[PDB]
């Protein structure tokens, strides 16, 4: 069902939260080799999450589930905010700009925390 597809999507999102917090600890410790690998792992996780979310939105549209479509349109828009911040973080790491990396890291945390009430609303709407 679309609801179980969203639970699978939610788990992938939680996998990225876990890897992100490990990556933050590695960044603070200066373990740049670990950070590089975690950033690659996060990129793959966000790509998978994005695709699952798009399939869920398209299915809600085909089902005529207007409220779930509204919420998923809002949620995917916020997802792209987080994705843009993530890509800027990756670039900051490439460039050796730790000041920007720290900034983007905190921003991605706040964007993600804000979007959690909506994430829960979607589970209930589908």
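Each form is matched to the other, and the largest set of C-alpha atoms that superpose within 1.5 Å is called the rigid core. Numbering follows the first chain given and starts at 1.
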Q | Greater Cα displacement in 9 other deposited structures of this protein once the core is superposed, comparing 3 to 11 with 117 to 125 | A | 117 to 125
Q. Which wins on mean Cα temperature factor, 2 to 10 or 116 to 124?
A. 116 to 124
Q. Per the entry, where is the mean C-alpha temperature factor higher: 72 to 80 or 96 to 104?
A. 96 to 104
Q. Relative to the other modelled residues in the chain, which third contains the C-alpha temperature factor of residue 43: lowest, middle or highest?
A. lowest
**Q.** Chain thirds of CA B-factor: placement of residue 23
**A.** lowest
Q.
Please place residue 51 in the lowest, middle or highest third of its chain according to the CA B-factor in the PDB entry.
A. highest
(Q) Is residue 31 in the lowest, middle or highest third of its chain when residues are ranked by C-alpha B-factor? (A) middle
